[PDB]
Amino acid sequence: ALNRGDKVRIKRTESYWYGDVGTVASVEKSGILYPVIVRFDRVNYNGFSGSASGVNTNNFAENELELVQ
Amino acid sequence: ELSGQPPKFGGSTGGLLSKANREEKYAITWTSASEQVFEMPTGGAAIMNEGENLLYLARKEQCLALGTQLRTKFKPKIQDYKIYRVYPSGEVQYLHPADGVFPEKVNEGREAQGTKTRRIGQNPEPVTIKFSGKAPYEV
Amino acid sequence: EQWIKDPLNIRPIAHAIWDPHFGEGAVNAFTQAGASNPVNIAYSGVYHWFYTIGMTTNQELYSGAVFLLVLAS
Amino acid sequence: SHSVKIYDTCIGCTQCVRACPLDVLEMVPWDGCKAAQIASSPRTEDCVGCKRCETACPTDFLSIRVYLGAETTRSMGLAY
Amino acid sequence: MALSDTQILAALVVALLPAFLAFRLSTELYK
Amino acid sequence: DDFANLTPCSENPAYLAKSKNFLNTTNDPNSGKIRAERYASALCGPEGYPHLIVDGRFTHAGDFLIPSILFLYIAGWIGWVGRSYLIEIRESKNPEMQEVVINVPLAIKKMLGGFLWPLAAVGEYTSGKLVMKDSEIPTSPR
Amino acid sequence: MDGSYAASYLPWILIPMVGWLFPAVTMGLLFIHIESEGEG
Amino acid sequence: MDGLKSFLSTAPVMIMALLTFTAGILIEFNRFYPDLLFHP
Amino acid sequence: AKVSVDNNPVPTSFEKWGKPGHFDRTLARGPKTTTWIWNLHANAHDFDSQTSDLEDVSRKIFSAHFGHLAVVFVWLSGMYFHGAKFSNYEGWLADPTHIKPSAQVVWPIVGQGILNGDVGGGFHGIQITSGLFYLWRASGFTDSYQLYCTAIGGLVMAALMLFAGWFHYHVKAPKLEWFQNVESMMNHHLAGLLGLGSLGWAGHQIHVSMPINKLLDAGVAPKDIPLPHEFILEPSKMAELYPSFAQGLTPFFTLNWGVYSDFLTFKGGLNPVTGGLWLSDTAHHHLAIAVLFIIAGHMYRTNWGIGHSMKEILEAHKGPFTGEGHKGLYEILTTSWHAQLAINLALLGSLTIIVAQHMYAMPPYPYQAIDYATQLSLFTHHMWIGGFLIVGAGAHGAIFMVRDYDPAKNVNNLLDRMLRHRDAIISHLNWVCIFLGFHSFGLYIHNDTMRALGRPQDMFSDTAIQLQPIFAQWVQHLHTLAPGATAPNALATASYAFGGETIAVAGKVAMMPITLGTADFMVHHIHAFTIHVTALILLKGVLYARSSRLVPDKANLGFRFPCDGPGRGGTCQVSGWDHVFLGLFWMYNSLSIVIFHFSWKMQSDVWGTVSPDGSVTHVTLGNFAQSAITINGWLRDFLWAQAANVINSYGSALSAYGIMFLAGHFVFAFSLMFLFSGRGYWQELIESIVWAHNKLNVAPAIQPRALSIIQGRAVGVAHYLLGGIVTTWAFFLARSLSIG
Ligand code: CLA
Ligand code: CLA
Ligand code: CLA
Ligand code: CLA
Ligand code: CLA
Ligand SMILES: CCCCCCCCCCCCCCCC(=O)OC[C@H](COP(=O)(O)OC[C@@H](O)CO)OC(=O)CCCCCCCCCCCCCCC
Ligand SMILES: CC1=C(/C=C/C(C)=C/C=C/C(C)=C\C=C\C=C(C)\C=C\C=C(C)\C=C\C2=C[C@H](C)[C@H](O)CC2(C)C)C(C)(C)C[C@@H](O)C1
Ligand code: SF4
Ligand code: SF4
């Protein structure tokens, strides 16, 4: 359902982007239980104390994403 | 049992204490291709001799730090070190590597431990498990 | 019993002082409020409370203390 | 000793095992991720609780969590 | 009038009772 | 009969006694006299210093109301130009780079358009895109 | 250190016990209890 | 030069230039009209 | 010639000015969070981490040092210009005992014109406490035009320094071999810089300063005194002032030096007219040290095989207890800039401490001893500079140990042996710190309790149990007898602090004997305790930076990391940077006690007014002896009593100081925001505020982040030290300007 370039809202309820919007960078079609890959403009808190950047990509299941586009 | 010429060291105050003869100590053994200088985790520099080596340390973390230094800071990389736990009675327990393959790479025959079939957000609420000797992650 | 005779000019006393580490100067300084020994000066305002609620004699205070001992037991 | 748990959001990047200084973690075969491997904590009695494995985890929230518990000589990392 | 020595000693003896009761309560609570 | 404890500075003996020796704030030699004149119309306390009354009354509107309006206009100007510049640069390809290196042309273009910030703000609120919905904002777990 | 209250000799003996004897006895008992290995 | 223009447009330079502009405005106004406690 | 350079290595362009963070690979990518800003201002001047080539690092260091020289030159030129245009130096020169120095004038805008107090002579301005006027009078300045020309020359020198940096980096960059000519550098910098500088200053003094100051001290008006070039043009005046100048330079070349005895003396002591040192004594002094430094040159082999070799000397001094001895240190100090920085910082900080402690006992400048404010300001200022430099040595040594230390080149040498018995060193040092603190501060607390309990006869005082500094008294006695006995050709003592008569100028005591008693014993041993504790902290930082029993791999974690984790019971503040952060506070404590002791003792036992009869009335009377033995005495007779002049400063010319006093008391407290808290709380608060700004669609692209743990600690310590030092500065300046 979710393809490349899809703007989706995150509903994992514990990820850094809960309620934020991201874009679907890739979807892997197999038995993987978190197949969707979503990338975001903002970066999370990931990194050692003093790092100047975080992580702007994550893996999500299909059910925890709401299509917006 | 445990064989190897100890590296030539002048002795330092950072070595073992009474815990070694009272609780336990740790031993690290490796094969060196040349007598060369390396760094004691307890402070100072000592030369290790060609062939077998054997070193007694007080903590497993010190042994693994020495193993990391051996693996990273030498062009003829030393990947054959072995870390044992030596008890005061005399028992020697093989610790690292567990099955002979480094834990970084996946090897068949290992058993999953501490793996939960849910995600971090699906843990039970504490109020539903209170007055029992359990924690949300323990469930 | 002396305080009630002049509440506006007498300092209430909290408890007596017994300190072997004291010196002569401290002993002279802390002998206050008309006492015959080093004493402290009460600042919890219990003298006014006891006076207002009707306690006027030492024996009444003693009976109250014993009764409170019994109540705590 | 402390407890180490690995949740099903692991992608098998093996960074946690590399970051562990006391060799507590291991890489075991799996099927839930593309790398088909998941982290494990067999030697959990040697863990000190430095949280280096948690720092190394790149998921949105840590797929590996460390819960500090009972303290032993090993857990305190004492040399005496 | 100021108290007497017998009054102070009697107060000590009376207070000896809550001490014993408090010891019993502490032992009961520890159990 | 309001402020029976506050007297006019024009008659308060302390203020008149102390206003002769008012210090000169600037290089002008009679700045102290000007200050004494300007403060003689206020409400001085027993110690002779002016007091500002802020209760809504328009007789003392100069104490709070006029500076309040001035500050509100200026602060709204600043906030509106900042928000407009932020929203404008947010559609570019490197919004963060333009945050540290200011786009001075666009910056000044937004700088000069801020004097109509109340009309723009009310039009923004009526258009509905001044305030985002609660479901479109990232939120922390409860 | 000398008082004019009734039974002024009591602080001469009560304070040392509260000062030395009781604290020392309590220190010893607690130290033995918290250090008694086993049985719990 | 383009590089000089870009350097002049950086955050500290803009913030300090605006601060000196505002400070000069305030100082000149207070010089020519001092001691303004209220709109009289 | 050993010169080797590279031509046009780095083009001169403006493009990289428009891309901040270009030096760092992690920052040149572009900011995503606010931390990118704080890193940019923090990793800028750390050239070692930016690149791995040592030659590029050395070139950058050379040009950066040129830049700091240019900045200092601009500062000096500004000082001279502001002393030439906005100062009463010409007025003060005619009446030095009745006019206060002043070189800062305040514009009247919002009532700050009250700061322009009456400094005497009809001049209104801020009184200065740097002592520049006395230095200028000693240098022979008499007109403001000379000061203006000095300022112009300083600006020209600053521009020349800037051009030198640009040339020696962007055009002709020296090679690595050039930088490692430590023998040539040491020769040229001992003989060509220190020796030649001393010779030039001795020539200036003899040919300029002494005649002008001799005429000035006699009573001649400044305008009547001939200009300095007229003495050279017409040596008749010079021969008139000093007869031996009639003999010319013949006795110098014939070793008949004694004839020059009139203007090259060995008097010692103070000049009665001005209260400063004799300029003839200073002339022979700087001449002698010039000769000594030029002789100390020509020592290291550079190009003609005639000289010592540093490596040979280092590798030759080895003994039984030290294994390889001083082997490998030459490669350490010729390949790592950080070790050189550590050694130089330690020695330089101790040098400014020596400067502070020696410039007050023998005041070298005319009319400086009687200006108590200038004395206190100079002492405290250079004291603080020395303390900061020593802490910086303790820091950059640990930086070297983490980064540039290599175990391969250090086997059984002194560094390795140090790394081997480090536990014994730290344990014995910790014990001595505990012993010193216990016994000394317990003397203080014991005195407090004895005084509070009404038993003054059980105290530690001169009337009570004595505790006299017998060794210091003995050395004072020896130095008082030195003229005539052990220094036969000296006329007076080195200083009157040891003993002698009371030198007083203009009815104000310039220098009188400083007696040491029980209080001096206690305070000196308190100083020893504080210094040993600070040394303990910095030594633990340096020695244990590589590893420890708790964390055996701290070297791989870096030099500046907050912690290892909550494991092992908690591993907070284990890096060397954390040891520096902890040692900064103890340096502050020790130096605060030092300056407090100096101020109180100076006010109570030396400074004051002398009557025509000869009696001396001190600033705070003789209250130091009987009050400085209890902490209550320090709190009541020093802080509360002497803070009156700074709390009552409102409404007068000193009001600014009062304001600044409160300012300090604020910032210190403000620092407790960062030292007492952590960053997770602030991160969650920022999360809520970010939600707020997001509701209105005004969220910033650069995501705001709470400060890092290391940044939080650094901000806390910086604001703390700033507040405390500003408080002490305001208090000292107000008190010293309010005591006449
Ligand atoms: C060396 C210093 C020193 C010492 C040892 C004392 C000793 C004493 N002073 Mg004293 N005093 C001193 C200096 C000193 N003073 C000075 C300099 C002054 C100022 C001039 C005074 C002014 C002063 C006054 C005005 C009074 C005293 C009083 C007393 C007595 C109080 C009795 C007591 O402590 O039991 C009570 C003990 C406690 C309350 C213990 C509290 C401390 C612990 C840490 C709290 C408990 C924590 C924890 C729960 C402990 C667990 C249990 C433990 C066993 C593990 C005691 C003899 C009083 C007195 O004589 O009345 C009897 C009194 O009124 N003193
Ligand atoms: C909690 C209440 C309390 C407190 C704080 C004090 C405080 C004091 N009493 Mg005191 N006293 C109290 C109740 C109290 N009294 C009662 C109820 C009695 C009647 C039995 C007495 C009878 C008494 C005598 C006869 C004397 C004192 C003396 C003193 C002083 C010496 C220190 C001391 O207590 O040891 C000595 C006193 C005792 C050991 C009395 C026993 C303590 C009471 C009875 C029990 C209190 C238990 C308490 C609640 C435990 C709390 C636990 C908590 C800390 C965790 C001191 C000022 C001495 C004095 O005047 O010195 C100048 C003295 O000679 N007291
Ligand atoms: C350490 C060096 C130093 C220091 C601390 C001072 C300090 C002072 N000088 Mg001074 N001065 C110095 C060196 C120094 N001077 C030198 C070397 C000269 C010789 C050229 C002078 C010549 C001089 C004169 C002639 C005067 C002073 C005055 C003053 C006082 C008023 C402050 C002032 O000028 O700001 C005034 C305010 C400003 C300069 C603000 C203007 C805006 C600034 C420059 C913002 C900077 C950015 C700007 C927008 C340009 C962009 C650049 C960008 C591309 C990087 C003050 C006590 C004045 C004084 O005491 O009068 C009684 C005065 O008249 N100075
Ligand atoms: C006589 C020769 C001579 C002299 C005077 C100096 C002087 C200096 N060197 Mg140096 N050096 C020399 C030879 C010399 N060097 C040689 C041969 C080498 C190669 C082995 C080096 C390599 C070297 C390095 C690698 C560094 C220095 C640095 C420095 C400066 C340290 C800062 C200081 O002392 O503050 C005191 C400052 C002053 C007294 C101001 C002096 C201003 C100019 C430059 C002095 C010119 C004097 C010259 C003889 C003309 C005067 C004669 C006449 C007009 C009166 C200082 C100016 C450091 C630096 O970067 O500074 C630039 C540094 O890092 N030197
Ligand atoms: C000759 C002096 C000297 C030199 C050349 C260096 C050189 C260096 N130091 Mg070092 N240092 C020194 C003295 C010196 N230090 C002293 C005396 C101390 C003790 C305080 C330190 C403590 C120190 C630490 C703790 C660290 C360095 C680091 C460094 C490296 C560059 C990073 C850096 O600090 O830049 C960046 C500089 C700053 C961000 C400073 C800006 C903030 C300052 C503190 C504000 C000052 C405010 C001012 C006093 C008053 C303003 C008031 C306000 C109201 C206007 C570099 C090798 C760092 C490193 O690891 O490099 C390898 C590092 O972590 N140094
Ligand atoms: C003056 C009175 C006031 C100060 C009194 C304090 C003195 C206390 C100790 C005595 C100093 C003895 C030095 C001899 C020691 C000595 O000269 O050693 C020299 C010896 C090296 O001997 P070698 O001849 O082998 O050395 C060859 C060297 O040239 C290295 O190449 O070093 C050692 O044996 C190890 C040093 C152990 C040092 C123990 C630590 C002592 C720390 C405390 C010192 C404190 C002094 C503080 C005040 C300055
Ligand atoms: C539009 C705008 C923005 C946004 C603005 C927003 C979203 C505003 C939202 C406001 C809300 C939600 C609520 C506001 C409440 C205001 C209240 C309660 C005002 C009360 C006033 C009182 C009580 C007046 C009191 C007395 C009034 C009287 C005149 C005297 O003095 C005496 C005195 C002081 C008692 C920014 C911030 C993004 C940028 C700005 O430039 C423009
Ligand atoms: S907390 Fe540290 S020791 Fe424990 S598993 Fe993680 S990395 Fe290993
Ligand atoms: S770091 Fe995280 S994602 Fe990577 S292997 Fe370990 S638990 Fe899995």
# chains A, B, ... in the order shown; residues from 1 in each chain; ligands from 1

$ select_by_dssp --residues "chain G" --states "alpha helix (DSSP H)" --output "ChimeraX atom specification"
/G:10-16,22-35

$ write_last_selection --atoms "N, CA and C atoms" --output "short mmCIF file (atom, residue, chain, number, x, y, z; two decimals), in the first residue's frame"
data_model
loop_
_atom_site.label_atom_id
_atom_site.label_comp_id
_atom_site.auth_asym_id
_atom_site.auth_seq_id
_atom_site.Cartn_x
_atom_site.Cartn_y
_atom_site.Cartn_z
N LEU G 10 21.09 14.40 88.75
CA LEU G 10 20.69 13.54 87.64
C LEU G 10 21.46 13.83 86.36
N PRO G 11 21.56 15.08 85.87
CA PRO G 11 22.35 15.31 84.65
C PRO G 11 23.81 14.93 84.80
N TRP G 12 24.35 14.92 86.02
CA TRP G 12 25.72 14.47 86.23
C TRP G 12 25.91 13.03 85.79
N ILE G 13 24.85 12.21 85.87
CA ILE G 13 24.95 10.82 85.49
C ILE G 13 24.15 10.49 84.23
N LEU G 14 23.04 11.18 83.98
CA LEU G 14 22.20 10.84 82.83
C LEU G 14 22.86 11.26 81.53
N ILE G 15 23.42 12.47 81.48
CA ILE G 15 24.01 12.97 80.24
C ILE G 15 25.16 12.10 79.76
N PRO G 16 26.11 11.65 80.61
CA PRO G 16 27.17 10.77 80.09
C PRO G 16 26.64 9.51 79.41
N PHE G 22 25.07 5.09 75.98
CA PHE G 22 24.03 4.73 75.02
C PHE G 22 24.53 4.78 73.58
N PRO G 23 25.20 5.84 73.11
CA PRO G 23 25.71 5.79 71.73
C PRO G 23 26.67 4.65 71.49
N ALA G 24 27.56 4.35 72.43
CA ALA G 24 28.52 3.27 72.22
C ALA G 24 27.84 1.91 72.17
N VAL G 25 26.90 1.66 73.09
CA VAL G 25 26.19 0.39 73.10
C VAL G 25 25.37 0.22 71.83
N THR G 26 24.69 1.29 71.41
CA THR G 26 23.92 1.24 70.17
C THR G 26 24.82 1.01 68.96
N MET G 27 25.97 1.69 68.90
CA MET G 27 26.93 1.46 67.83
C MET G 27 27.33 -0.01 67.78
N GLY G 28 27.69 -0.58 68.93
CA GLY G 28 28.12 -1.96 68.95
C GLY G 28 27.03 -2.92 68.51
N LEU G 29 25.82 -2.74 69.03
CA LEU G 29 24.73 -3.65 68.69
C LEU G 29 24.38 -3.56 67.21
N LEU G 30 24.24 -2.34 66.69
CA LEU G 30 23.92 -2.19 65.28
C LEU G 30 25.03 -2.72 64.39
N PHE G 31 26.29 -2.46 64.76
CA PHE G 31 27.41 -2.95 63.96
C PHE G 31 27.44 -4.47 63.92
N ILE G 32 27.17 -5.11 65.06
CA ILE G 32 27.10 -6.57 65.08
C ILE G 32 25.94 -7.06 64.22
N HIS G 33 24.78 -6.42 64.34
CA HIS G 33 23.59 -6.90 63.63
C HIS G 33 23.74 -6.77 62.12
N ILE G 34 24.19 -5.61 61.65
CA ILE G 34 24.25 -5.38 60.20
C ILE G 34 25.36 -6.21 59.58
N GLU G 35 26.32 -6.66 60.38
CA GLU G 35 27.45 -7.42 59.89
C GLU G 35 27.33 -8.92 60.14
#

$ closest_atom_pairs --of "chain F" --to "chain H" --cutoff "8 Å" --atoms "only C-alpha atoms" --output "JSON lines"
{"residue": "F:25", "atom": "CA", "partner": "H:34", "partner_atom": "CA", "distance": 7.3}
{"residue": "F:26", "atom": "CA", "partner": "H:31", "partner_atom": "CA", "distance": 6.4}
{"residue": "F:31", "atom": "CA", "partner": "H:34", "partner_atom": "CA", "distance": 7.7}
{"residue": "F:35", "atom": "CA", "partner": "H:35", "partner_atom": "CA", "distance": 6.3}
{"residue": "F:38", "atom": "CA", "partner": "H:40", "partner_atom": "CA", "distance": 7.5}
{"residue": "F:62", "atom": "CA", "partner": "H:39", "partner_atom": "CA", "distance": 4.6}
{"residue": "F:63", "atom": "CA", "partner": "H:38", "partner_atom": "CA", "distance": 5.2}
{"residue": "F:64", "atom": "CA", "partner": "H:38", "partner_atom": "CA", "distance": 7.9}
{"residue": "F:66", "atom": "CA", "partner": "H:39", "partner_atom": "CA", "distance": 7.0}
{"residue": "F:67", "atom": "CA", "partner": "H:38", "partner_atom": "CA", "distance": 7.8}
{"residue": "F:99", "atom": "CA", "partner": "H:11", "partner_atom": "CA", "distance": 7.8}
{"residue": "F:100", "atom": "CA", "partner": "H:11", "partner_atom": "CA", "distance": 5.1}
{"residue": "F:101", "atom": "CA", "partner": "H:10", "partner_atom": "CA", "distance": 4.2}
{"residue": "F:102", "atom": "CA", "partner": "H:9", "partner_atom": "CA", "distance": 5.6}
{"residue": "F:103", "atom": "CA", "partner": "H:9", "partner_atom": "CA", "distance": 7.3}
{"residue": "F:104", "atom": "CA", "partner": "H:9", "partner_atom": "CA", "distance": 6.8}

$ atom_distance --atom1 "atom CA of residue C:9" --atom2 "atom 24 (C, counted along the ligand's line) of ligand 1"
22.9 Å

$ residues_near_ligand --ligand "ligand 6" --cutoff "10 Å" --atoms "only C-alpha atoms and all ligand atoms" --output "NGL selection string"
:I and (314-327 or 413-414 or 417-418 or 424-425 or 428-429 or 432 or 471)

$ residues_near_ligand --ligand "ligand 7" --cutoff "8 Å" --atoms "only C-alpha atoms and all ligand atoms" --output "PyMOL selection string"
(chain F and resi 54-57+64-65+68+75-83+117-118+121-122+131) or (chain I and resi 696+698)

$ decode --residues "stretch 13-47 of chain D" --atoms "C-alpha atoms" --output "PDB file, in the first residue's frame"
ATOM      1  CA  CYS D  13      23.500  -4.206  12.929  1.00  0.00           C
ATOM      2  CA  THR D  14      25.708  -5.853  15.611  1.00  0.00           C
ATOM      3  CA  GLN D  15      26.786  -2.441  16.938  1.00  0.00           C
ATOM      4  CA  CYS D  16      25.686  -3.332  20.475  1.00  0.00           C
ATOM      5  CA  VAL D  17      27.885  -6.443  20.568  1.00  0.00           C
ATOM      6  CA  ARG D  18      30.881  -4.472  19.296  1.00  0.00           C
ATOM      7  CA  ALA D  19      30.311  -1.696  21.837  1.00  0.00           C
ATOM      8  CA  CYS D  20      30.104  -4.051  24.825  1.00  0.00           C
ATOM      9  CA  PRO D  21      33.424  -4.006  26.740  1.00  0.00           C
ATOM     10  CA  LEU D  22      32.743  -7.024  28.993  1.00  0.00           C
ATOM     11  CA  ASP D  23      31.551  -9.510  26.330  1.00  0.00           C
ATOM     12  CA  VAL D  24      27.980  -9.854  27.571  1.00  0.00           C
ATOM     13  CA  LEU D  25      26.237  -9.790  24.197  1.00  0.00           C
ATOM     14  CA  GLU D  26      26.191 -12.237  21.300  1.00  0.00           C
ATOM     15  CA  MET D  27      24.794 -12.453  17.768  1.00  0.00           C
ATOM     16  CA  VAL D  28      22.376 -15.331  17.170  1.00  0.00           C
ATOM     17  CA  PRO D  29      20.555 -16.327  13.955  1.00  0.00           C
ATOM     18  CA  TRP D  30      17.073 -14.912  13.480  1.00  0.00           C
ATOM     19  CA  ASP D  31      14.425 -14.242  10.842  1.00  0.00           C
ATOM     20  CA  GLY D  32      12.615 -11.039  11.854  1.00  0.00           C
ATOM     21  CA  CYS D  33      15.099  -8.656  10.227  1.00  0.00           C
ATOM     22  CA  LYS D  34      16.813  -8.501   6.850  1.00  0.00           C
ATOM     23  CA  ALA D  35      20.185  -9.399   8.387  1.00  0.00           C
ATOM     24  CA  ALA D  36      18.508 -12.497   9.903  1.00  0.00           C
ATOM     25  CA  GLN D  37      20.366 -12.058  13.197  1.00  0.00           C
ATOM     26  CA  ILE D  38      19.406 -10.691  16.609  1.00  0.00           C
ATOM     27  CA  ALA D  39      21.340  -9.724  19.725  1.00  0.00           C
ATOM     28  CA  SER D  40      21.407 -11.888  22.850  1.00  0.00           C
ATOM     29  CA  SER D  41      22.694 -11.562  26.423  1.00  0.00           C
ATOM     30  CA  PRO D  42      23.841 -15.000  27.628  1.00  0.00           C
ATOM     31  CA  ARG D  43      26.716 -13.787  29.829  1.00  0.00           C
ATOM     32  CA  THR D  44      24.569 -11.265  31.692  1.00  0.00           C
ATOM     33  CA  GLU D  45      26.210 -11.875  35.085  1.00  0.00           C
ATOM     34  CA  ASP D  46      29.322 -10.011  33.895  1.00  0.00           C
ATOM     35  CA  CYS D  47      27.429  -6.877  32.822  1.00  0.00           C
TER      36      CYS D  47
END
